[PDB]
Trainee: 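I have a structure here, written as structure tokens, and I will follow up with some questions on it.
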Amino acid sequence: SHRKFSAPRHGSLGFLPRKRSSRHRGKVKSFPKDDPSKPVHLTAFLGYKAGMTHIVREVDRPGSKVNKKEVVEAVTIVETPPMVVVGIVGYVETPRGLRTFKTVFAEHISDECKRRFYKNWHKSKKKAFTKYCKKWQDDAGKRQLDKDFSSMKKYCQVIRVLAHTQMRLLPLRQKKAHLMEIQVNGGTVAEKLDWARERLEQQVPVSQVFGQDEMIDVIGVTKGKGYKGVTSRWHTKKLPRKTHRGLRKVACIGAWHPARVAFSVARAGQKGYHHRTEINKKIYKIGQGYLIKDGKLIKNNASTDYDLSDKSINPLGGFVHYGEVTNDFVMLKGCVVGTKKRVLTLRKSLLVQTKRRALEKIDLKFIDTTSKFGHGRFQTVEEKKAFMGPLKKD
RNA sequence: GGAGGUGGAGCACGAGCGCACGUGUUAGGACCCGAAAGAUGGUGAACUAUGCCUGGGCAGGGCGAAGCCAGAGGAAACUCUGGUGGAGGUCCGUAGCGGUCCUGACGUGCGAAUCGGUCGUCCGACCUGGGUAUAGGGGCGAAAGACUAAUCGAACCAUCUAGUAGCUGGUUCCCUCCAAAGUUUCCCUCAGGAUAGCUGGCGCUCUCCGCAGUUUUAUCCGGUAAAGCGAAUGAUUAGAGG
RNA sequence: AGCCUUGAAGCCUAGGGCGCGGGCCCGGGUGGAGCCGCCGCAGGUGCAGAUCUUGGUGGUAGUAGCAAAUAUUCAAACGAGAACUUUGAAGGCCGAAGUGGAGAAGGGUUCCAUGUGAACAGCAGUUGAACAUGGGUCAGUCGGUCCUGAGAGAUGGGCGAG
RNA sequence: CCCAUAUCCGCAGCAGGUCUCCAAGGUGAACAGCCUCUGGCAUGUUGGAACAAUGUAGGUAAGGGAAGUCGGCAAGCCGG
RNA sequence: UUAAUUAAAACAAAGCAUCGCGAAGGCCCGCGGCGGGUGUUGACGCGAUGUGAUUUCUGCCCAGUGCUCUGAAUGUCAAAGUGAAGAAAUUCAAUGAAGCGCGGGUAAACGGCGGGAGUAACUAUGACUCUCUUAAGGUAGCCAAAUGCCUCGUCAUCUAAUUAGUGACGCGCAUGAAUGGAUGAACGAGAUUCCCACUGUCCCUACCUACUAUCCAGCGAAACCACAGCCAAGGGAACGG
RNA sequence: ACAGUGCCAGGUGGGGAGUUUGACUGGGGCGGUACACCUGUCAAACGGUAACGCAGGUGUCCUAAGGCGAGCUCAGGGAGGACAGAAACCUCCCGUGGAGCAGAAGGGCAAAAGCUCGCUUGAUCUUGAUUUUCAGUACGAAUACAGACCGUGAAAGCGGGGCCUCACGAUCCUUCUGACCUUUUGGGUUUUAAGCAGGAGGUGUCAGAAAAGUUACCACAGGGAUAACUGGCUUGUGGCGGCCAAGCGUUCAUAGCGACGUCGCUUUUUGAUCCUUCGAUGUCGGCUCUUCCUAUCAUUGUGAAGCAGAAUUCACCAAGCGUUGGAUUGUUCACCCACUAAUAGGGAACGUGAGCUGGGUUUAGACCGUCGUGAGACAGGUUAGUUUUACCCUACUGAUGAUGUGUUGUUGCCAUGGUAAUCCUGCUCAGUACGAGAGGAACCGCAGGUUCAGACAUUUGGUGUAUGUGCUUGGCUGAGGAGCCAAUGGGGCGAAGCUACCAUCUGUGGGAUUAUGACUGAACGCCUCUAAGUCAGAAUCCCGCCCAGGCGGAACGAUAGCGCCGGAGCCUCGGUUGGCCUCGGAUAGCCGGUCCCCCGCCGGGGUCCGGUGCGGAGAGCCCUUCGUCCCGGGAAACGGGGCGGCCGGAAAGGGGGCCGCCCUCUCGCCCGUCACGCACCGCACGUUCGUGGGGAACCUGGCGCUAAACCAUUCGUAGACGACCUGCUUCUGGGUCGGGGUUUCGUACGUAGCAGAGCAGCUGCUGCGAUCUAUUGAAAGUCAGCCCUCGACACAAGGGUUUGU
Ligand SMILES: [Mg+2]
Ligand SMILES: [Mg+2]
Ligand SMILES: [Mg+2]
Ligand SMILES: [Mg+2]
Ligand SMILES: [Mg+2]
Ligand SMILES: [Mg+2]
Ligand SMILES: [Mg+2]
Ligand SMILES: [Mg+2]
Ligand SMILES: [Mg+2]
Ligand SMILES: [Mg+2]
Ligand SMILES: [Mg+2]
Ligand SMILES: [Mg+2]
Ligand SMILES: [Mg+2]
Ligand SMILES: [Mg+2]
Ligand SMILES: [Mg+2]
Ligand SMILES: [Mg+2]
Ligand SMILES: [Mg+2]
Ligand SMILES: [Mg+2]
Ligand SMILES: [Mg+2]
Ligand SMILES: [Mg+2]
Ligand SMILES: [Mg+2]
Ligand SMILES: [Mg+2]
Ligand SMILES: [Mg+2]
Ligand SMILES: [Mg+2]
Ligand SMILES: [Mg+2]
Ligand SMILES: [Mg+2]
Ligand SMILES: [Mg+2]
Ligand SMILES: [Mg+2]
Ligand SMILES: [Mg+2]
Ligand SMILES: [Mg+2]
Ligand SMILES: [Mg+2]
Ligand SMILES: [Mg+2]
Ligand SMILES: [Mg+2]
Ligand SMILES: [Mg+2]
Ligand SMILES: [Mg+2]
Ligand SMILES: [Mg+2]
Ligand SMILES: [Mg+2]
Ligand SMILES: [Mg+2]
Ligand SMILES: [Mg+2]
Ligand SMILES: [Mg+2]
Ligand SMILES: [Mg+2]
Ligand SMILES: [Mg+2]
Ligand SMILES: [Mg+2]
Ligand SMILES: [Mg+2]
Ligand SMILES: [Mg+2]
Ligand SMILES: [Mg+2]
Ligand SMILES: [Mg+2]
Ligand SMILES: [Mg+2]
Ligand SMILES: [Mg+2]
Ligand SMILES: [Mg+2]
Ligand SMILES: [Mg+2]
Ligand SMILES: [Mg+2]
Ligand SMILES: [Mg+2]
Ligand SMILES: [Mg+2]
Ligand SMILES: [Mg+2]
Ligand SMILES: [Mg+2]
Ligand SMILES: [Mg+2]
Ligand SMILES: [Mg+2]
Ligand SMILES: [Mg+2]
Ligand SMILES: [Mg+2]
Ligand SMILES: [Mg+2]
Ligand SMILES: [Mg+2]
Ligand SMILES: [Mg+2]
Ligand SMILES: [Mg+2]
Ligand SMILES: [Mg+2]
Ligand SMILES: [Mg+2]
Ligand SMILES: [Mg+2]
Ligand SMILES: [Mg+2]
Ligand SMILES: [Mg+2]
Ligand SMILES: [Mg+2]
Ligand SMILES: [Mg+2]
Ligand SMILES: [Mg+2]
Ligand SMILES: [Mg+2]
Ligand SMILES: [Mg+2]
Ligand SMILES: [Mg+2]
Ligand SMILES: [Mg+2]
Ligand SMILES: [Mg+2]
Ligand SMILES: [Mg+2]
Ligand SMILES: [Mg+2]
Ligand SMILES: [Mg+2]
Ligand SMILES: [Mg+2]
Ligand SMILES: [Mg+2]
Ligand SMILES: [Mg+2]
Ligand SMILES: [Mg+2]
Ligand SMILES: [Mg+2]
Ligand SMILES: [Mg+2]
Ligand SMILES: [Mg+2]
Ligand SMILES: [Mg+2]
């Protein structure tokens with residue numbers, strides 16, 4: 001018989017199966033559709049979730065209750081040291097879909113990238129690309145590369161660059177770089193290859209990919225949470241306290257007929273560590289990394305037009321469980337998937353951004369840099385010392 | 001003794017007895033296993049029920065009965081106030097005894113009734129050891145058909161006894177031939193029998209005229225289909241002429 | 001005038017065959033002492049079942065489980081072997097209505113010494129209330145013994161087939 | 001000799017049952033509970049490593065305060 | 001108090017009221033007797049019942065069924081005895097124990113305790129009247145009560161809203177007087193309603209601890225099993241592995 | 001002389017014993033009797049034929065209503081006759097039975113079978129046969145006779161009951177009647193008793209026991225032959241929907257409704273039935289959770305109104321998304337309160353008890369009412385009443401993994417499967433359109449929210465055994481200090497982590513189209529959204545975005561006794577027995593040339609000419625194999641065979657053609673001349689693709705390569721275990737300790753104090769004293785999963801198992 005009172009089902013069947021992701025680094029499932037009339041540009045990037053904070057800005061929203069007024073907004077800090085292009089991969093459109101046509105690699109590949117090619121770097125002899133790299137040094141090999149580059153011009157329709165991160169500049173334990181294809185959108189196929197060929201072994205800073213006030217998508221793997229029951233995995237109603245044999249369950253997992261449990265019924269199992277794509281996360285700031293100019297370390301990348309204090313984005317005591325952000329970073333509005341240190345794929349939007357929220361221009365008045373390791377109450381150590389005064393340590 | 005009818009499991013020139021084999025029906029344990037029951041004679045009150053005999057046991061508190069002392073009041077009766085006193089099938093509560101709820105634990109348990117918290121009572125119609133008495137259509141019951149050795153709306157043990165079962169289950173090698181019925185009547189008959197029918201087997205009396213789930217030719221029988229209702233019975237519409 | 005220690009019955013056999021079949025024959029192996037053909041006689045004479053009887057074995061399955069009562073750690077000794085035995089030292093618990101010291105009923109040698117580590121003690125054990133070989137309970141005065149208790153129970157007598 | 005979370009009865013070294021005697025300090029009304037001395041024991045028929053779900057047993061919870069449920073069941077408040 | 005699903009409103013109880021009995025007796029046991037229990041007793045006792053403290057009250061009915069009392073006045077009435085017929089067996093008559101019939105008593109014995117119509121100067125009711133009628137025709141009380149079908153009765157109160165609760169009403173299917181009626185302090189691990197307080201019961205879930213589960217070494221069962229084990233429809237012993 | 005006892009006799013005697021307490025039956029019970037009979041019908045023209053089928057009857061009645069004879073004629077009607085009339089009695093006429101014959105009905109009957117008289121007892125005695133039911137038994141009833149006695153009639157005759165079809169009863173026992181009856185046991189007489197034959201006493205459950213209840217304290221043997229669920233057939237009832245059109249709607253049938261009638265659909269109602277299940281399918285409701293239907297309440301896109309606007313009603317495509325919080329009740333159902341866009345209706349074994357709960361129903365205790373003598377009963381109330389098992393298979397959820405790609409790794413494609421966003425409010429439009437007024441919109445834009453989904457912890461909150469740091473109770477270590485125990489002693493605050501619409505962030509684009517509105521346009525000289533053709537078109541659908549990623553591919557790196565190129569054989573697996581190396585397409589039209597003309601980066605259009613049952617044909621084309629020899633003739637000579645280079649190929653990429661070479665042949669093809677070869681004596685598996693695929697090996701030359709994976713260790717971005725993410729010598733690495741930062745609590749011990757309420761002792765001093773001030777934002781902790789050090793210390797160049805085209 002029909003269920004007495006209507007109610008929406010718990011959870012979305014569009015995110016099934018609720019299993020551990022097969023990839024740790026978020027995969028770009030769909031790159032932006034190429035527009036041949038735009039200049040050659042890259043469409044994605046890799047960053048690492050440093051941590052969260054909040055900022056003060058004045059909203060510019062005509063007809064809104066917060067028009068001309070200051071608001072406090074949470075933001076996620078993603079460290080984005082420049083990537084290094086090391087290879088090109090070309091694709092051919094076939095009636096069975098894009099097929100990898102040809103891959104070319106640069107002559108020199110840093111050991112961070114090579115670590116990606118091994119399961120035990122300690123035990124290996126580091127022989128990767130030791131014989132390929134010779135193709136760039138002899139006339140017979142060189143004449144074979146430009147033919148490979150010429151073939152990719154005749155036949156390939158999609159061009160991507162194999163860029164990798166620079167793990168030596170991060171505060172992390174890992175030394176193995178994250179390597180990913182990035183589609184080269186823009187001009188003709190020939191213009192894509194000349195642009196990509198010129199940038200082999202070169203560095204591509206995040207600013208060259210993304211801009212201020214741009215809406216982007218973050219792709220990553222959520223925080224794993226292990227085996228979970230239906231109450232926590234699916235958010236079903238807890239049964240009454242009197243229930244015998246447990247109340248953190250779904251009471252009826254199906255009807256007599258069909259004589260099977262259906263795929264649409266909440267069950268226990270893995271929670272978290274799911275691949276997810278989130279869209280429309282606005283870029284609030286592309287902060288510049290530390291520079292040594294005239295013997296001085298310039299690090300006031302957390303200063304604003306309305307706050308001239310020389311402080312970095314790092315909070316007192318550093319980003320908890322992450323470290324210190326000393327490279328370029330992207331300040332995203334809101335929260336993103338993953339743990340601290342999680343590698344996050346930054347991708348340009350697949351949509352046309354014509355909305356007041358999407359077009360709004362961000363102007364920061366303040367960036368909170370108090371300690372997150374507790375209830376921090378000082379923005380800077382200079383401010384803390386001036387308030388507290390001398391201590392017994394002094 | 002005769003004549004003529006009628007009842008008999010008769011005579012009318014024997015066919016029986018003895019033995020053996022088969023089949024069928026029965027009486028017996030009765031093809032095998034299966035009741036709930038009933039009867040006789042015995043063993044149990046080490047559990048529990050109840051009476052009796054002789055022993056043991058039950059913190060700390062609350063309330064504050066009668067009696068008594070003092071002070072005040074009063075003409076008397078007596079009254080008021082403060083103490084003392086320590087009653088009670090009295091109250092909170094431990095040991096003990098019990099077992100309300102969680103409808104908790106457990107539910108192939110630690111346990112064939114237990115465990116946790118929470119609970120009832122806790123000087124009495126109180127709790128308990130041992131001795132002793134009541135024994136099965138009997139006991140004992142502050143009464144629930146309770147208890148009477150994990151057994152109780154009649155214990156347990158052996159025998160009668162292989163109790164009876166129109167009811168359930170089973171019923172053991174091969175080939176060959178033939179091959180049903182669920183219908184009639186009677187039955188406290190309706191899940192069963194007896195009875196006729198349907199089957200099989202053994203033959204025997206003949207044969208190389210008789211018979212037939214058939215037609216033909218003759219000849220009867222019938223009251224359904226249809227038809228009729230300006231024909232009987234019954235029902236029924238409309239005008240018309242007297 | 002059957003077969004048989006020059007190998008009976010039984011049992012096994014990707015051996016050769018026979019018969020529509022019930023079955024049977026022969027070859028090979030194992031076995032070690034009896035057995036079969038034909039004419040008759042006799043029967044406690046043929047199994048797939050009966051929640052059949054008795055015995056054996058599976059999958060489940062190296063699975064459920066070995067979770068009630070706060071708790072162990074260090075060093076050494078013996079030893080083939082040590083989370084579990086002994087000693088020493090720590091840290092804990094029962095907390096005088098005890099996890100202390102003694103009895104009644106019941107048990108019946110479980111008591112004590114030495115030995116074993118087969119089986120048992122639902123892991124292990126160098127240990128045990130297990131197994132083995134030997135010991136151990138001393139009374140005028142502590143109980144029984146005697147008294148009578150509720151009660152049981154002869155004789156006389158009565159009843160009674162007994 | 002045991003006299004009982006192992007010498008007895010429950011098939012067993014069974015969280016059950018089974019009659020008694022003696023009875024320290026502190027707190028406290030107290031043979032209550034909590035800690036300790038005398039005496040006793042080795043966590044109750046095993047250990048190691050983890051710290052998922054679901055349990056069993058304990059706790060805490062903003063704002064509301066029975067709207068839950070057959071029912072305030074459960075817990076909670078009160079407490080000398 | 002139902003050991004082991006019911007702890008209760010059930011049982012008991014003091015109180016109350018009946019009933020039998022003066023011992024060669026009442027009540028009871030026993031196969032049996034100069035047998036036995038009450039009874040080491042004696043009506044302020046023993047035996048058999050009902051109700052269930054106190055308070056207040058306990059109405060009418062003896063026709064029915066019981067129980068009980070009186071009996072030669074006296075219908076029926078066994079054996080035995082008496083008389084007559086007959087050869088006797090036998091038959092017939094007369095007589096007439098208890099018990100039944102007959103007549104009283106008795107309900108704190110089992111139990112029971114009506115129907116129809118008309119009627120007051122608006123309407124409604126109908127104190128009043130008529131009538132049929134039984135052994136009485138339900139009195140004092142009480143009630144949609146643990147008792148009322150219709151029924152979630154009607155009115156009021158309690159809520160925003162109440163098949164719940166409480167107070168009223170009462171032609172009450174089918175209330176009612178020791179088959180006890182009405183009450184009422186204290187008491188209840190008894191049933192029910194509301195309120196304050198409290199709170200994770202809930203909105204709406206989260207986190208933490210211990211023991212498991214978990215993995216490992218050792219050790220290690222049991223239930224159950226035709227063969228088994230992916231579905232849709234079909235047909236089919238009318239829902240197929 | 002009674003109590004008393006022994007033995008008989010009568011009464012009483014559920015205290016106790018034994019036993020019974022029918023059958024049929026759309027379950028049983030209650031109700032009926034279809035249980036023994038009879039008539040009509042069913043019944044299908046012999047007979048027979050069932051149902052709790054239909055319409056009825058029977059357990060009697062008759063001294064005549066039996067028997068005979070005779071004589072008459074009935075119901076009804078018409079017409080006449082004093083009282084007399086509708087109806088009394090008399091008369092005449094008609095009268096086929098329309099009357100009567102005991103009764104139910106059917107049949108039969110007119111000088112009779114009816115009515116009336118006269119005489120009577122054939123309703124008597126007796127043996128057989130027969131018919132009906134049937135078994136060819138009994139009874140009952142009936143039919144023909146036969147033998148006696150009779151009645152009646154003049155007689156023929158008729159009659160042994162009723163005009164025919166019903167009206168009834170075994171054995172045993174009792175009673176009566178009959179005989180010059182038999183027996184009555186050793187004989188005789190006599191009473192008695194028993195026999196034989198015929199009646200009666202009765203069994204209606206009628207082929208014939210002698211028979212009351214209750215069980216909820218219940219029991220056994222069974223039954224799915226049989227009820228209480230689901231399911232199945234059916235669909236009366238319930239629900240929903242059409243058709244006709246009398247009316248309603250002021251007018252007007254059909255905007256919206258719709259009588260009298262009628263046709264359907266559904267199985268979310270109840271029935272009917274009894275097919276499955278009684279060696280058990282857990283029986284109401286709620287809770288929880290998913291899914292599906294549409295008969296659509298809301299929302300999107302629409303059509304019609306008795307649509308001015310607003311509001312509403314009818315209808316279409318339509319199930320994408322929603323459809324709520326509560327008081328009373330066990331409730332389903334209902335009723336109300338409140339909010340809402342709306343508060344639609346249903347299925348899934350009346351979804352869902354090894355998912356729960358157990359309020360109700362439905363055991364055992366107990367109360368009330370009614371009923372019963374009672375035990376007891378009650379779709380009447382009330383209260384208390386044990387909810388068992390998963391470790392098996394599958395399904396499902398997650399986790400390792402498996403084939404096979406030579407091994408291994410990085411980066412990737414996507415076949416397939418899933419899939420998602422949703423509704424409302426405010427502002428503006430606008431007090432505008434519309435409207436007399438009242439009232440009163442909409443599209444575009446802007447700002448928010450609801451429901452849902454996916455995350456996340458900067459902030460606020462929650463937790464907190466960091467057992468971090470204070471406070472604090474009882475006890476314990478002689479005290480101080482420092483601590484511990486009280487199953488987390490209690491409590492304040494609290495890091496990290498986890499976590500809350502209880503904080504924060506984010507949630508998207510196309511295509512074909514449905515309904516509908518249209519274009520052009522015939523059919524059908526007009527018209528027409530339709531017939532051919534064409535356009536716009538949506539919470540629908542499909543795709544995208546997003547989640548997974550195949551016994552599915554790809555590119556690229558590195559490849560340890562192994563890779564590449566260049567002899568005999570041996571095993572094993574099979575199949576096969578020439579090749580076609582390509583326009584695009586139309587089919588009411590095609591193909592090939594022609595370029596002479598027009599365009600274009602040699603190709604397109606035109607013209608012109610040829611073919612078209614395609615012959616520049618798949619009905620086709622190419623290749624064709626017996627070999628060699630001698631010498632001729634045609635054909636080649638621009639020729640055949642054999643090492644270096646350049647154009648060219650990517651959807652799954654060419655051992656094609658062409659330029660050189662140094663060579664090598666004038667033989668290859670056709671027709672002839674000339675002979676030869678194992679000619680194996682008629683015969684199968686012959687004849688290739690075939691140096692086929694795969695596997696071991698054995699060689700024998702050249703050119704080349706010297707890896708990873710897994711374990712172990714470590715990490716914590718991960719986690720039940722596996723798995724997953726990481727590190728393991730660049731004078732560099734991680735580790736440990738130390739230091740610094742951050743952060744929590746809140747100011748340490750000691751020491752000093754002329755601070756301290758007081759008290760004690762000594763003559764102002766010294767003691768005891770909770771607490772107070774300074775030292776002292778002090779002390780203590782702080783990554784175990786916080787940040788930075790490069791200070792100290794050691795360690796680190798390792799170990800095991802595998803893998804080859
Ligand atoms: Mg619904
Ligand atoms: Mg429960
Ligand atoms: Mg923080
Ligand atoms: Mg016979
Ligand atoms: Mg026999
Ligand atoms: Mg009997
Ligand atoms: Mg005793
Ligand atoms: Mg008391
Ligand atoms: Mg008390
Ligand atoms: Mg329980
Ligand atoms: Mg369990
Ligand atoms: Mg007593
Ligand atoms: Mg007795
Ligand atoms: Mg009873
Ligand atoms: Mg037998
Ligand atoms: Mg037997
Ligand atoms: Mg039978
Ligand atoms: Mg009979
Ligand atoms: Mg049968
Ligand atoms: Mg006929
Ligand atoms: Mg006809
Ligand atoms: Mg074999
Ligand atoms: Mg021998
Ligand atoms: Mg024998
Ligand atoms: Mg067998
Ligand atoms: Mg295990
Ligand atoms: Mg244990
Ligand atoms: Mg002791
Ligand atoms: Mg001792
Ligand atoms: Mg062991
Ligand atoms: Mg010993
Ligand atoms: Mg004696
Ligand atoms: Mg423990
Ligand atoms: Mg231990
Ligand atoms: Mg033990
Ligand atoms: Mg709260
Ligand atoms: Mg609060
Ligand atoms: Mg409520
Ligand atoms: Mg509710
Ligand atoms: Mg409570
Ligand atoms: Mg009980
Ligand atoms: Mg109980
Ligand atoms: Mg009485
Ligand atoms: Mg009275
Ligand atoms: Mg009377
Ligand atoms: Mg009455
Ligand atoms: Mg009254
Ligand atoms: Mg009252
Ligand atoms: Mg009331
Ligand atoms: Mg309420
Ligand atoms: Mg009464
Ligand atoms: Mg193990
Ligand atoms: Mg099956
Ligand atoms: Mg009696
Ligand atoms: Mg009886
Ligand atoms: Mg019957
Ligand atoms: Mg016929
Ligand atoms: Mg005549
Ligand atoms: Mg005659
Ligand atoms: Mg006659
Ligand atoms: Mg004589
Ligand atoms: Mg009962
Ligand atoms: Mg019943
Ligand atoms: Mg059936
Ligand atoms: Mg049904
Ligand atoms: Mg009209
Ligand atoms: Mg049938
Ligand atoms: Mg079954
Ligand atoms: Mg089931
Ligand atoms: Mg079952
Ligand atoms: Mg529709
Ligand atoms: Mg159901
Ligand atoms: Mg189920
Ligand atoms: Mg259940
Ligand atoms: Mg209940
Ligand atoms: Mg009951
Ligand atoms: Mg009565
Ligand atoms: Mg206007
Ligand atoms: Mg927080
Ligand atoms: Mg926190
Ligand atoms: Mg101290
Ligand atoms: Mg303790
Ligand atoms: Mg706190
Ligand atoms: Mg906090
Ligand atoms: Mg159209
Ligand atoms: Mg279109
Ligand atoms: Mg469109
Ligand atoms: Mg071949």
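We name chains A, B, ... by the order of the sequence lines, and we start the count at 1 in each one. When reading the values below, keep in mind they use all heavy atoms of this one structure, side chains included, and skip hydrogens, waters and symmetry mates.
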Trainee: In whole Å, I'd like the distance from the CZ atom of A:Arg20 to the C1' atom of F:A399.
Mentor: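 Distance, rounded to whole Å: 6 Å.
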Trainee: Show me the donor-acceptor pairs within less than 3.5 Å that the side chains of residues 240-258 of chain A make with the rest of the protein, sequence neighbours left out.
Mentor:
from	atom 1	to	atom 2	distance (Å)
A:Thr243	OG1	A:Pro240	O	2.6
A:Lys249	NZ	A:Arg245	O	3.4

Trainee: Between A:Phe117 and A:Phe129, how do the two ring planes meet: parallel, tilted or perpendicular, split at 30° and 60°?
Mentor: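 Tilted.
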Trainee: Verify the contact: side-chain N or O of A:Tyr118 to OP1 or OP2 of F:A708, cut-off strictly under 4.0 Å; return yes or no.
Mentor: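 For F:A708, OP1/OP2 do have a side-chain N/O of A:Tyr118 under 4.0 Å.
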Trainee: Sorted by first residue and then second, give each salt bridge (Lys or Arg N to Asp or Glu O under 4.0 Å) pair with at least one member in residues 123-137 of chain A; sequence neighbours left out.
Mentor: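 Every candidate salt bridge (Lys or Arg N to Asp or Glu O under 4.0 Å) pair involving residues 123-137 of chain A fails, so no pair, neighbours aside, qualifies.
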Trainee: Kindly indicate whether the side chain of A:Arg267 and the base of F:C396 share any N or O donor-acceptor pair separated by less than 3.5 Å?
Mentor: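 Donor-acceptor pair under 3.5 Å: yes.
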Trainee: Counting neighbours of NZ on A:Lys296 that are heavy atoms of other residues, nucleotides or ligands and sit closer than 6.0 Å, is the number greater than 12?
Mentor: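 Above 12, so yes.
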Trainee: Take a 6.0 Å sphere around NZ of A:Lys69 and say whether it holds more than 12 heavy atoms from other residues, nucleotides or ligands.
Mentor: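 No.
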Trainee: Starting at CD of A:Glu382 and ending at P of F:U742, how long is that distance when rounded to a whole Å?
Mentor: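 After rounding, the reported distance stands at 10 Å.
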Trainee: If you go through the side-chain atoms of A:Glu181, does one of them form a donor-acceptor pair with the base of F:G412 closer than 3.5 Å?
Mentor: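 No, no donor-acceptor pair under 3.5 Å.
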Trainee: Applying side-chain hydrogen bond (donor to acceptor under 3.5 Å, both in side chains) between A:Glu360 and each of A:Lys355, A:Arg57, A:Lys282, report the one that passes.
Mentor: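 Result: among A:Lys355, A:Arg57, A:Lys282, A:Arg57 is the only option passing the side-chain hydrogen bond (donor to acceptor under 3.5 Å, both in side chains) with A:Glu360.
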Trainee: Would you say the base of D:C73 and the side-chain of A:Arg241 have a donor-acceptor pair closer than 3.5 Å?
Mentor: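 Check passes, donor-acceptor contact within cut-off.
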Trainee: A:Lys341 NZ to F:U717 P: how many Å, rounded?
Mentor: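 Those two atoms, NZ and P, are 5 Å apart.
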Trainee: Mind calculating the distance between NZ (A:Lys123) and P (F:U802) to the nearest angstrom?
Mentor: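 Between P of F:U802 and NZ of A:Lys123: 13 Å.
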Trainee: Does A:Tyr155 reach a base, just sugar-phosphate, or nothing at all? Heavy atoms under 4.0 Å.
Mentor: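 Since a base atom lies under 4.0 Å of A:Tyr155, the category is base.
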Trainee: Scan A:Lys65 against the nucleic acid and name what it touches under 4.0 Å (heavy atoms): base, sugar-phosphate only, or nothing.
Mentor: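 Here A:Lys65 touches no strand at all.
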Trainee: Using whole Å, what does the distance between atom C1' of nucleotide F:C505 and atom NZ of A:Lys49 come to?
Mentor: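 After rounding, the gap between these two atoms is 11 Å.
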Trainee: Is it the case that E:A161 stacks on E:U162 (six-membered ring centres closer than 5.5 Å, ring planes within an angle under 30°)?
Mentor: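 For these two strand neighbours, the answer is no: their six-membered rings do not meet both cut-offs.
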Trainee: Whole-Å distance between F:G510 P and A:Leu350 CG?
Mentor: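 After rounding, the reported distance stands at 13 Å.
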Trainee: To the nearest Å, give me how far apart NZ (A:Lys131) and P (F:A707) are.
Mentor: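 Checked: the NZ to P distance equals 8 Å.
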Trainee: Ignoring hydrogens and angles, does a donor from either the side chain of A:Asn120 or the base of F:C710 sit under 3.5 Å from an acceptor on the other?
Mentor: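 Answer is no: no donor-acceptor pair is held.
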Trainee: Wobble or Watson-Crick, both distances short of 3.5 angstrom: do F:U363 and F:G649 pair?
Mentor: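 Pairing fails for F:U363 and F:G649, missing the Watson-Crick or G-U definition.
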Trainee: With a centroid cutoff of 5.5 Å and a plane-angle limit of 30°, would you call A:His54 stacked on F:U458?
Mentor: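 Ring-base stacking flag not set for A:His54 and F:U458.
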Trainee: Go through the side-chain N and O atoms of A:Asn301 and A:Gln288 and say whether any donor and acceptor fall under 3.5 Å apart.
Mentor: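 Note: A:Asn301 and A:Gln288 side chains miss the donor-acceptor criterion.
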Trainee: What is the distance, rounded to the nearest whole Å, between atom CG of A:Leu16 and atom P of F:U290?
Mentor: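 For the pair A:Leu16 CG and F:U290 P, the rounded distance is 12 Å.
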Trainee: Is there a donor and acceptor pair closer than 3.5 Å between the side chain of A:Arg173 and the base of F:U726?
Mentor: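 By the distance-only test, yes, there is a pair.
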Trainee: Using a 3.5 Å limit on both hydrogen-bonding distances, do F:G627 and F:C676 make a Watson-Crick or G-U wobble pair?
Mentor: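 Under the 3.5 Å cut-off on both distances, the two nucleotides are paired.
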Trainee: What is the first contacted nucleotide of RNA chain B and what is the last, in 5' to 3' order, if contact means an atom lying under 4.0 angstrom from a heavy atom of chain A?
Mentor: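 On RNA chain B, the outermost contacted nucleotides are B:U103 to B:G107.
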